[PDB]
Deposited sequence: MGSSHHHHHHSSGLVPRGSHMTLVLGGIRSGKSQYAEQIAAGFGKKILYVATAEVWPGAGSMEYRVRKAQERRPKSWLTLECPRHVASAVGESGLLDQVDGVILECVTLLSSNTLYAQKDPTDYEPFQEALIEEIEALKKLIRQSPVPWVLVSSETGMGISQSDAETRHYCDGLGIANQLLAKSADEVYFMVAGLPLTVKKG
């Protein structure tokens, strides 16, 4: 019959200890056997996987590595730590606009890179906006920016999943 195409861009978001990493890793294993694990944790799993460490400028580093042609698909862990890193790389973390600009540029670069990707992507991000509004301006800035980044990625993504207690709700499916 007809050969179905899987999803090109998948966003998995959820709260702390919600199973989003394991669910996204299952998605990535569905991509194939050779998976590019782009880890964003600030530094200063299946045995067939390649781990590319990249705390910032994910589009630049991932494109330069040329590894998109080497893998079956990519799992990005995680938009949360990327947004925080972007906040902490700024001159004044109490000032929102420069952090917002840098983060929006990072997310748009990632979106553009994914549009050209020959392999599919699953991205992991956090939901941080359903608690109480914090007092310090810096924490509110981080929350706002992460929300904006998730909005951008979910608009571009083909599938969006909201993890609750290890179980996925479908927020968007092609």
Subject >> Stretches with no C-alpha position, numbering per deposited sequence from 1 >> reply: 1 to 12, 57 to 72
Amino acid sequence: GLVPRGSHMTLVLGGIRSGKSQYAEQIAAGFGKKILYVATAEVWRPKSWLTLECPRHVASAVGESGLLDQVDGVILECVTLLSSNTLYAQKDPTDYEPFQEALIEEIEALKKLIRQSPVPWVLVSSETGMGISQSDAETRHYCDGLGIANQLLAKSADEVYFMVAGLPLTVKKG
From here on, numbers count along this sequence of modelled residues.
Original post:
Any chance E42 is unbuilt in a third or more of the other entries we compared?
Top reply: yes
**OP:** Averaging the C-alpha B factors as listed in the entry, name the stretch that ends up higher: 147 to 155 or 20 to 28.
**Re:** 20 to 28
Original post:
For the C-alpha atoms alone, is the average B factor greater in 78 to 86 or in 91 to 99, going by the entry?
Top reply: 91 to 99
**OP:** Choose from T128, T139, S48, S125 the residue with the greatest Cα B-factor as stated in the PDB record.
**Re:** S48
Original post:
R5: which third of its chain by C-alpha temperature factor?
Top reply: highest
